[PDB]
Amino acid sequence: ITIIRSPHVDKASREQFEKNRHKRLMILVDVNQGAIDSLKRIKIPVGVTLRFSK
Amino acid sequence: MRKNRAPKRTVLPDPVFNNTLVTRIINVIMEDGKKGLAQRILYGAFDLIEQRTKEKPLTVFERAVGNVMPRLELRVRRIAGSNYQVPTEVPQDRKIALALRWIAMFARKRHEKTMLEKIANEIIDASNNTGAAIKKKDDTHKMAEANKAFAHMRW
Amino acid sequence: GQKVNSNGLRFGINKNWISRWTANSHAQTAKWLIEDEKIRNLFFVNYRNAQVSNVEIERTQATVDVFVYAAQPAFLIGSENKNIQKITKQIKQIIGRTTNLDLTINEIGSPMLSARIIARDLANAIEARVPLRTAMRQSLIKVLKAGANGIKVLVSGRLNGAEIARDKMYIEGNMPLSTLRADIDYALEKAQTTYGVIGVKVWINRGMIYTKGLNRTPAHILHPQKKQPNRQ
Amino acid sequence: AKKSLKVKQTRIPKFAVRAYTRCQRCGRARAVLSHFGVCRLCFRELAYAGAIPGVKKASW
RNA sequence: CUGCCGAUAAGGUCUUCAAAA
RNA sequence: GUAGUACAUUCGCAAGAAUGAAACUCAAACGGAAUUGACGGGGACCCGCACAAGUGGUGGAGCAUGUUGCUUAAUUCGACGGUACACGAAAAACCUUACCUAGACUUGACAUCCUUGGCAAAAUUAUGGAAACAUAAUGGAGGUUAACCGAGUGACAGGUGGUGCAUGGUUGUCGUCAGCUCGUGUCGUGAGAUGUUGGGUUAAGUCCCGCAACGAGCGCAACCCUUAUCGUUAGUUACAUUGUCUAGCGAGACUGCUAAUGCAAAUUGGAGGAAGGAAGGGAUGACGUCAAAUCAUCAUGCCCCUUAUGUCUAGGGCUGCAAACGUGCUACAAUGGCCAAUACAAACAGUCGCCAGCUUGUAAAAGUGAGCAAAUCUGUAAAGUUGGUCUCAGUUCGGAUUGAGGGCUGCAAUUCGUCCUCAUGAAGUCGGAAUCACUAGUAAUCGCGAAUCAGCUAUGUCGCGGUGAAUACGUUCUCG
Ligand SMILES: [Mg+2]
Ligand SMILES: [Mg+2]
Ligand SMILES: [Mg+2]
Ligand SMILES: [Mg+2]
Ligand SMILES: [Mg+2]
Ligand SMILES: [Mg+2]
Ligand SMILES: [Mg+2]
Ligand SMILES: [Mg+2]
Ligand SMILES: [Mg+2]
Ligand SMILES: [Mg+2]
Ligand SMILES: [Mg+2]
Ligand SMILES: [Mg+2]
Ligand SMILES: [Mg+2]
Ligand SMILES: [Mg+2]
Ligand SMILES: [Mg+2]
Ligand SMILES: [Mg+2]
Ligand SMILES: [Mg+2]
Ligand SMILES: [Mg+2]
Ligand SMILES: [Mg+2]
Ligand SMILES: [Mg+2]
Ligand SMILES: [Mg+2]
Ligand SMILES: [Mg+2]
Ligand SMILES: [Mg+2]
Ligand SMILES: [Mg+2]
Ligand SMILES: [Mg+2]
Ligand SMILES: [Mg+2]
Ligand SMILES: [Mg+2]
Ligand SMILES: [Mg+2]
Ligand SMILES: [Mg+2]
Ligand SMILES: [Mg+2]
Ligand SMILES: [Mg+2]
Ligand SMILES: [Zn+2]
């Protein structure tokens, strides 16, 4: 996103910002309760976002 | 105020007649950044040269371009009123470059038809020292000869 | 000339974000963004006698977590946990009853070398008709005795009620602003004086961070203990 | 004339095309970022304090 | 290495202070 | 200052010489010396697309947009050399909107504080209505008042109203130029000087020497991001012509080695190396100047209005037009116009969306309708290659303007949306004096995507890739 620095005039002076959506994939073959029950105590730090697709 | 001499990019040996100079004139006739178009135009003119002059196109091109090459260069130097000119010996690299620039400039103004025949006619017309590029070279040479006196003072 | 915000130049490299949440949609990204500003402004504008240095906000799909660092948490706590209930109701009205709050006061260490409370103390002194030269010097000497690096204080405004605005700065030590590895904490405050507005800017140098990482580590809260509660 | 326009923007209009987007922090109408609901000069202040997670300065 | 090359309305801020810490 | 002036006197052929005031007027003087800056059509040295060498443009024509002036009920306000003029405005039909004409309101559309109850506001259907708003209806989530719905009620709310010459905050500019200062000490009666100036080296007040100076701070440089080679981890939604590709970590380049010369920093050459001497680009912009810009992002001292400069709505206006300028687009053409076939990208974006395919349509598009919450599905790449044709004409150039018929968005396209089809075919054949940008994937040029957005002659802005040059001898002139 590009935003003009100045309040009123001088459109030429415009700063920039970025926001990166880092992405990873991880596919589990077979889980079973032995893994699933242990999966309940993981506590994922807020920032990370999950897309569980079953 | 710069104290540094600029580098130089390679000239590249031509891909057909293996005569570097062909690539330079290709770049000179370049317009709109079309490498493809320029090669086609130029190459077509050598084929027309074959059909007309019955001689080797590279030899004709050298005989035209080498004949057009000037010797003296007049540099403008104003002091109080107008400019007294100064004849100086131009380097070899600039000699070929200036020759090519004039060849292209008078070629894109001839009364002829498609620039293939236009540019083809200028080079064949310059191999016999009778054309438009020749007159330009003649004029600067005569101007330098007239202004021989101030050649000693340059700056 | 104009300088880039010192805090804003070091965000995402050596400094973490004061609010860490991911919203659902572009409509829910605006509500969750203005609301946290109200909460932070609430803490800062009122409840000032506490020296609140920074308030962080942590939100999930529906659970709001607040981490509030202060130098004197007794005023927030109140008499046998009175003022505390009041602030909870304040926070609930701003975000909504439908969510879950987990406000957490956390007492702070080394309160001096923080540009927020210093600016607040500076602003209070100017509003209290205290002479400007004496006020900055006492704050400067106490901060240096606290055991930090150079501090830069710029106090621009209608100085001493004058009709022509001036500006007074006082650097004392190495304040490398162009350096990224340095830990510079910056804060700005508006001293509301009867003759107008006074802008105070405090640059503090708190050493060099030679451990690479987007922080995730405390900053001048570690030296003494840091606990207390009100959480769940 | 600012406060009345802010209140009117929150209120629903009688036509769908009558609805415009105004900054939620201040009341600026033009140059509003729908991705954040924040105008260009409030987004700078918020970005320089770390309130919006992930908006760091760019080097490209 | 001496071409040429003229003009620019009036009155105005700005240092408050070291008594001292 | 009057003024070496006037009167009187002496000398002189003459011009004049000698002598020599006052009235009036000012708070100082074309006073003296010295200091810090600025300036010089004064020198010495050094820098930058500055000049020079090239390339493509602008000023000429048509069109888009902004500005000056004029007009109007209003053509809202601000920006005005460089540092304003495709600027605020990253979307003016209604809304926006701050302007004008009208129709309506008064502790008010919004808020708190206080005595006091909650057994609502909405939305929508009727009638009158330009719509505001009124009279009637389902009397409404809920939670007993939480929030709000109110009554009573005066403090007051409200102002895009003035002052950016009262300010805070933010920004342009010199300028990414290499500067600006402080502590201690010394010299000088003093302003002040020293360090910071000398000699070498750089992009650099970068460093090394010298040195009544010794040190320090801000700036400079490096630490940050990105591109260029490789190693390691991982192998689906990439690859699957098997090791590309994507993104985590790490290695790599350190004047590290050598030759020359310098005390030393350091300069040049060579070696190896993907990369050599700031390897390319970005973020990063010192004290300060211009009382530079913004009270119309926001906040705020002070002044002004308070049944009106506040508020709601409908219509008009911000789109005018004898004119001038700025920034861009399209051209004046065979390095091209038109038609057919056809190869090769990167980045970004997408569930009121991207929209594949199919059917209809001369077309914009409509209907059906899967797929995709995304390395999976979608957003046709164009220049370029080949073939046919035009044969240099105001034309098969150029598209303006104008008439008609259609499509989309939206209550609504007349003021004032754009697209398609048909019809017409202005000027313009390289543009005067004078000017602008650029030192390689750069200029030039061809497409693609995103932001604000229901839609928008954005040809604007921010990005991505395809093709891809010419020139730099030098500081004599020119600007800083
Ligand atoms: Mg306002
Ligand atoms: Mg003259
Ligand atoms: Mg006398
Ligand atoms: Mg005199
Ligand atoms: Mg002087
Ligand atoms: Mg030139
Ligand atoms: Mg023009
Ligand atoms: Mg004209
Ligand atoms: Mg105007
Ligand atoms: Mg002004
Ligand atoms: Mg200006
Ligand atoms: Mg309007
Ligand atoms: Mg009820
Ligand atoms: Mg009750
Ligand atoms: Mg006001
Ligand atoms: Mg100003
Ligand atoms: Mg000395
Ligand atoms: Mg020295
Ligand atoms: Mg730097
Ligand atoms: Mg001014
Ligand atoms: Mg209207
Ligand atoms: Mg306009
Ligand atoms: Mg453009
Ligand atoms: Mg053809
Ligand atoms: Mg596939
Ligand atoms: Mg004509
Ligand atoms: Mg045409
Ligand atoms: Mg119309
Ligand atoms: Mg012609
Ligand atoms: Mg350059
Ligand atoms: Mg072009
Ligand atoms: Zn805003």
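Using Swiss-Prot numbers, chain D covers 2-61, in order.
Recorded method for this deposit: electron microscopy, 3.0 Å.
Quick reminder: no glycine exception, Cβ is built from N, Cα and C everywhere.
As annotated by Swiss-Prot, Zn(2+) binding site applies to D:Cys24, D:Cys27, D:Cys40, D:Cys43.
With respect to Cβ neighbours within 10 Å, the binding-site residues D:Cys24, D:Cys27, D:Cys40, D:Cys43 differ, and D:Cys27 shows the lowest count. For the Zn(2+) site, the Cβ centre of D:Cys24, D:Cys27, D:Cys40, D:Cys43 serves as reference, and the other residues of the chain with Cβ at most 8 Å from it are D:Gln25, D:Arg26, D:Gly28, D:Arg29, D:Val33, D:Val39, D:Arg41, D:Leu42, D:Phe44. D:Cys40 (Zn(2+) binding site) carries a strand DSSP state (E or B).
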